[PDB]
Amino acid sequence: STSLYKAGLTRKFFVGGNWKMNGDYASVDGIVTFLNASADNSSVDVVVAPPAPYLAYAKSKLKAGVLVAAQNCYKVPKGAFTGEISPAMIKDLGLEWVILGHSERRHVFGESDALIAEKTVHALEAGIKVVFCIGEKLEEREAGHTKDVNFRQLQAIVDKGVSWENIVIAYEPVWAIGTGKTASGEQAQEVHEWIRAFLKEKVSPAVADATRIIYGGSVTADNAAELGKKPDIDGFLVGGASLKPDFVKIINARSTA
């Protein structure tokens, strides 16, 4: 059940920017410009996810401090899957990150827990790191099933026997995505504590304290500092605000003072 003890600050912070279906050469140029000019908050792993057609472009222009990730991928390296990309391609492009299980993939494009778990297992085997997304819908939280949803989504990869060194868990309540309805620091902290409790029992105390757990869902330059006060929130997954200069303010808010 939902643990109570707060974690110590023993994990490297993480701030990811998911551009979603946004971007063209000109706008990507603009983003890369403010990202490169930003201070190199070495205390924070910074990752951005451009749409597939702009992955190589972004990597060629970004400073070493900003890593590039794919927004999704499939479960085999090569094959007859029109419209899909694989970890092999991600590696070929010189990238080492991928976002899997994003709310939009699960609820707009119907990706199942099983599929997402298979993708995760394969991506990890390939040597790429994964930002594993989980989260409940408003009706589910109101029915008191926040824990049940997150448990199932996480158990899906535990059952596949994945290792956790290269996994960053992103808790993103569906109701907070692009709605401005940000979870309160308290609400987020309690879910993150529960997630660590889950990891402690399902895996090990070591994994629980080493695994980064970031919050996503209407994170803005104005609430980042406030949310970052919670020891169990190791960073954020940013959507809309990752397309603007405010993304830098969010990174600065998370970095060591």
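Quick note: we count residues from 1 along the sequence shown, nothing fancier.
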Legend entry - Of 168-176 and 137-145, the stretch whose C-alpha atoms average the higher B-factor in the entry: 137-145
Legend entry - Segment of higher mean CA temperature factor, 47-55 or 34-42: 34-42
Inset, instruction - Compare the CA B factors listed in the entry for 127, 101, 79, 83 and report the winner. - result: 127
Inset, instruction - Would you mind ranking residue 155 by its C-alpha B-factor against the rest of the chain and naming the third, lowest, middle or highest? - result: middle
Legend entry - Cα B factor band for residue 245 (lowest, middle or highest third within the chain): highest
Legend entry - Chain thirds of CA B-factor: placement of residue 115: middle
Legend entry - Position of residue 94 among the chain's modelled residues by C-alpha B-factor, lowest, middle or highest third: highest
Legend entry - Where the record places residue 131 (Cα B-factor, split into thirds across the chain): lowest
